[PDB]
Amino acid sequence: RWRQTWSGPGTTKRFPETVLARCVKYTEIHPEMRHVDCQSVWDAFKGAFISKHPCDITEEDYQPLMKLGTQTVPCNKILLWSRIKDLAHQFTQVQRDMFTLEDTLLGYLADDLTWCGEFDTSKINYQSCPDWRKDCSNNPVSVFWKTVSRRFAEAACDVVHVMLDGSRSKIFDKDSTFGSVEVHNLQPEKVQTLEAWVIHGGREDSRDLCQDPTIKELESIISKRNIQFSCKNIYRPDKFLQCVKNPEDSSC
């Protein structure tokens, strides 16, 4: 068909099979999730968006799935990220120094996937799904991430870290999930500090990007929530990862 209902990519091929298989793998690997019934998880995930208008999804739609995906995360070891998920993930993969959202069952189930249904049919839409900008923000994927990211941020305590992409024109972006949801849902009663790691993309010698106006904005916002702010440059992410794998080892 030469045209489609929405402007975004349609549901990821074999979405039901993919989510199911991810749930099985996760609960097989992660002991604490060992009892989880992956069929019930799939059904609850389905229940959030099937037969529903994909511009009319709410956080409530995802509550059955949230309940089933309830999981304790070590509160002082949370790593948030904005844009640069590959480094964040490569980092936590070394020795589980920290946990990102994609290390939780629910984040793992949905990572890199697109999905939506149709009002008044039970069909998954494999042709297109709403674009957040062009179509609607209350779509199944955007609403899912907002809901799960809020919960993840509320679970954090002590020092919370965030990797930010220093090669972007807005290192801290208030419109991102990190900036619009996570920063506002850290609980000042529990969270002592937010420490930003600003990942350089520019090769070799570069600025102190902790002085970037958007970082100063982030500092102001966090400080005004009664949370301390710290910032560090990571000048060579490749060296950084090497030092994580082999610390004190070289020129670290």
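The numbering used is simple: start at 1 and walk along the sequence shown.
Participant: With respect to C-alpha B-factor, does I84 fall in the lowest, middle or highest third of the chain as deposited?
Facilitator: Answer is highest: the recorded C-alpha B-factor places it there.
Participant: Within this chain's modelled residues, let me know which third the CA B factor of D112 belongs to: lowest, middle or highest.
Facilitator: Middle third.
Participant: Looking at the C-alpha B-factor of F45, is it in the lowest, middle or highest third of its chain?
Facilitator: Highest third - that is where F45 ends up once the chain's C-alpha B-factors are sorted.
Participant: What third of its chain's C-alpha B-factors does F178 belong to: lowest, middle or highest?
Facilitator: According to the entry, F178 has a C-alpha B-factor in the chain's middle third.
Participant: Thinking about Cα B factors across the chain, which third does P9 belong to?
Facilitator: Top third by C-alpha B-factor.
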